[PDB]
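Enquirer: Just dropping in an experimental structure and the matching sequence.
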Amino acid sequence: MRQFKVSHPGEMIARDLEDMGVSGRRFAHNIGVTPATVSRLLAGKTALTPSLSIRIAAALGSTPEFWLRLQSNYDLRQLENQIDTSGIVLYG
Amino acid sequence: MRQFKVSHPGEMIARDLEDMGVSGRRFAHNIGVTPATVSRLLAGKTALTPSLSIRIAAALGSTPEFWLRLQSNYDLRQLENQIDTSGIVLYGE
Amino acid sequence: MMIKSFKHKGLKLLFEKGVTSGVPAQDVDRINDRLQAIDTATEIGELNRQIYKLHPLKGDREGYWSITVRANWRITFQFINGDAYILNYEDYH
Amino acid sequence: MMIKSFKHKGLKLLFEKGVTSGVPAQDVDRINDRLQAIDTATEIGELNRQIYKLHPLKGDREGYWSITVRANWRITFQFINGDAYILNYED
């Protein structure tokens, strides 16, 4: 079936940076983002956007697509039963 | 070989609405989004977000993941020569 | 899915080089939309929009699928292990 | 990469039910992360991050892969087509 807990990619990245010895401040410097944006990210308070996904993959590897897919997967889980499609007519 | 031209899903939706004979306003009313937003969408001037994608698949079919991915793929393509990663160190050990 | 080959040289041309000389002019965007859709789907069910009228083909084209471009016109492809082969643009009367 | 079976029941439990009784109490998040990666990747090359130290096995367990959780602990799985089987948490 589906994974019970789906994490916000930022919090995963946060746990990964800790296991690495890279601080939010250092990571921000490296990927070319303001420490303010990065800290909001590692808290899971802003989305991991396409512009970020390119930067982040340049630093933590894999593809920008992967990181973006994580965000989407999380975003749609967070949206389960939050949107009333009752409601909307499916064109036939 | 990757696809040469990647459209903004909003504009693809525009062309599909045209072929079904559905106007922007009538489409907006059905999915429960304001025409202001729907008109910006169909011009490809705003992004197709997770919330819209759920609404949109409710009308045009496929899955929300699909519409979102069209958006993602387009975005990454549009940003491909706009962001200098020169620049960024790939962490080792 | 992985679009791995084309039967229609005009599709290959539109897809790879974004050149439109090999496809009927009214269908250029309509066709590029469809290829983008096929290129983006991860499952076959994601192509199951009503306007595509997705259905499998039978006969000597088993494991082939088709979707509608417009009245009497189809895009077809062979489905092998999550890959799309022999992409085509044909009529049906 | 759609996850089709577990050899390790402590993993199956974390994955499907979000229950932590079968895995080290300290590694829960770390392991859930890695499972989320395996689940999200569409290619095997997408798991080739530095911290994962992705590498194939020999094999014996051929077509098997491992990624590192921490120290000597690895998550392994057999890779047939686009799918992951027989997930394990060893060593």
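Expert: Cool, the structure landed. Numbers count the residues shown, from 1 in each chain, chains lettered A, B, ... in the order given.
Enquirer: who in chain C is up against chain A?
Expert: Taking Cβ under 8 Å from any Cβ of the partner chain as the contact definition, chain C meets chain A at C:50-51. Where you see a C-beta, it was placed from the backbone N, CA and C, and this is true even at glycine.
Enquirer: quick one: what helix or strand has the residue of chain C most remote from its centre in it?
Expert: Distance to the chain centre peaks in chain C at residue C:59, reaching 18.6 Å (criterion: Cα atoms, centre = their mean). Counting by DSSP states H and E, no helix or strand carries residue C:59.
Enquirer: That one and residue B:84, how far apart?
Expert: If you measure residue C:59 against residue B:84 using Cβ to Cβ, to the nearest Å, the figure is 53 Å.
Enquirer: And for residue A:78?
Expert: 32 Å.
Enquirer: Chain C: strands as residue ranges?
Expert: Using DSSP state E, the strands found in chain C span residues C:2-3, C:55-56, C:64-70, C:73-80, C:83-91.
Enquirer: Next, format the ones you listed as JSON lines and append distance to residue C:20 and mean neighbour count.
Expert: Formatted as JSON lines, these follow (distance: least, Cβ to Cβ, whole Å; neighbours: other Cβ atoms under 10 Å in any protein chain shown):
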{"stretch": "strand C:2-3", "distance to residue C:20": "18", "mean neighbour count": "16"}
{"stretch": "strand C:55-56", "distance to residue C:20": "28", "mean neighbour count": "12"}
{"stretch": "strand C:64-70", "distance to residue C:20": "15", "mean neighbour count": "18"}
{"stretch": "strand C:73-80", "distance to residue C:20": "16", "mean neighbour count": "19"}
{"stretch": "strand C:83-91", "distance to residue C:20": "13", "mean neighbour count": "17"}
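Enquirer: Out of those, which gets nearest to residue C:49?
Expert: strand C:64-70 (8.3 Å; Cβ to Cβ).
Enquirer: can you tell me which residues contact the residue in chain A that chain D sits nearest to?
Expert: Nearest residue of chain A to chain D, counting by Cβ to the nearest Cβ: residue A:4, 3.4 Å away. Counting by Cβ atoms under 8 Å, 6 or more residues apart in numbering or on different chains, residue A:4 touches D:14-18.
Enquirer: Kindly recompute the last result at 7 Å.
Expert: D:15-18 (Cβ atoms under 7 Å, 6 or more residues apart in numbering or on different chains).
Enquirer: How is it assigned, secondary-structure-wise?
Expert: coil (DSSP: H, G, I helix; E, B strand; the rest coil).
Enquirer: returning to that earlier point: output the strands of chain C as TSV; include the columns distance to chain D.
Expert: Output for the strands of chain C, formatted as TSV (distance: least, Cβ to the nearest Cβ, whole Å):
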stretch	distance to chain D
strand C:2-3	11
strand C:55-56	20
strand C:64-70	19
strand C:73-80	12
strand C:83-91	11
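Enquirer: For chain A, just list every one of the strands.
Expert: Under DSSP E, chain A gives no strands.
Enquirer: For it, give the helix that spans the most residues.
Expert: Ranked by number of residues, the top helix in chain A under DSSP state H is helix A:64-78.
Enquirer: Spit out the contact partners of the residue in chain C that chain D sits nearest to.
Expert: At 6.2 Å from chain D, residue C:82 is the closest residue in chain C, using Cβ to the nearest Cβ. If you count contacts by Cβ under 7 Å, 6+ apart, residue C:82 has them with C:1-2, D:82.
Enquirer: Repeat the analysis, applying 8 Å as the threshold.
Expert: Residue C:82 makes contacts with C:1-2, D:81-82, as judged by Cβ under 8 Å, 6+ apart.
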